[PDB]
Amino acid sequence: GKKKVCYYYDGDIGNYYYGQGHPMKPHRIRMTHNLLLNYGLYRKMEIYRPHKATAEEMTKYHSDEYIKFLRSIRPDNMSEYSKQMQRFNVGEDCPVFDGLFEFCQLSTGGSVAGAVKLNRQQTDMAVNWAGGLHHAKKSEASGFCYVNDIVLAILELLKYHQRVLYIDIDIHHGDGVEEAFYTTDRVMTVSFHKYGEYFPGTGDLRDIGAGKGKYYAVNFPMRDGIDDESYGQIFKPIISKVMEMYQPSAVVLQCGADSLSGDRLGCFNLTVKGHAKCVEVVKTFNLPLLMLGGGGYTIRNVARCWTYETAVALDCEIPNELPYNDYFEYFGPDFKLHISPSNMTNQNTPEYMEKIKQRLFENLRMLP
């Protein structure tokens, strides 16, 4: 039936600024929060302010030298760290900005706190829209991500769950999470992403894991223009087969909204309903679930998407007419919650979708 939902948010998160021209805008998290507050979604959720994750909590995965660097670097002392900046890939995509470490602490704190709440059986679902920073590596920042809150949250869930399923619907391949668990069978990673002349360049359908992790990494490479019909046609059958074969006891779902139509960096054509159908599919399995944010660069659509996915988690119907809110003008000219797909061509033919699904089904037959 209806599930208990715990939501993590710090009111300071929207003030972190990556810099002029940078597509990553933490302000979209504040827009999401304000929109869901104005729809009355706080009446049914337990809202928590995450703690600031310590350097020590982050080193359960990341190297001590990398976390020490993140805790020390600032725009005013950058000149003295040119060597470490190159070593840790801090530069254009992952810039040094005021409060960088505190931003990482809040993003991570929400994910780890949600995982602890799930481990204690005190909630059915935990939501952290500030998390889902899937590209960060053990000793390297990557693709706007510095600390991999997902890996840290999964490590927390592994304290009480033998098998954890990670599902990533961001348009970009979830490389940092896949790499962290590539040689283990205790985590199965499933990523649906655009593949071909696109960041980060990984996630080929032939990348299936290694050693004890062979067959525990699943990648569904897609081309431009995927729509609700095509995505829905493969998501439920793949996830149903993964649930059947792997039998996870907890799930983490990365809900990156850059797979929506009209995204500044993405080239997919999903609507908010099509994207949210993934949340509905996962929720139906009735397993402890951690829902996280991720990409999303047309910020009015990210706020619409995550507001609707929070309503989905709560089993609460909300009207298409947007309520008045602090950012009302950002939702013009329509002031509606749902979006329309564009006229872009879907390069993923129905035959391509079925063929890739069949190759993934062959790999899933190899599980014990």
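For clarity, a rigid core is taken as the largest C-alpha set superposing within 1.5 Å between two forms. The first residue of the shown sequence is 1; numbering continues from there.
- Between 127 to 135 and 84 to 92, the larger mean CA deviation from the shown form in 8 other deposited structures of this protein, after core superposition, belongs to 84 to 92.
- The stretch 69 to 77 shows the higher mean C-alpha B-factor when 257 to 265 is compared against 69 to 77 in the entry.
- Comparing 86 to 94 with 192 to 200, the stretch with the higher mean C-alpha B-factor in the PDB entry is 86 to 94.
- Annotation for 128, 108, 121, 219: 121 ranks highest, by Cα B-factor.
- Per the PDB record, 340 has a higher Cα B-factor than any other of 34, 307, 301, 340.
- Among all modelled residues in this chain, the alpha-carbon of residue 285 has a temperature factor (C-alpha) in the highest third.
- The entry lists a Cα temperature factor for residue 226 that places it in the middle third of the chain's modelled residues.
- Per the PDB record, residue ranking by Cα B-factor puts residue 318 in the highest third of the chain.
- In the deposited entry, the Cα temperature factor of residue 344 places it in the highest third of its chain's modelled residues.
- In the deposited entry, the Cα temperature factor of residue 237 places it in the middle third of its chain's modelled residues.
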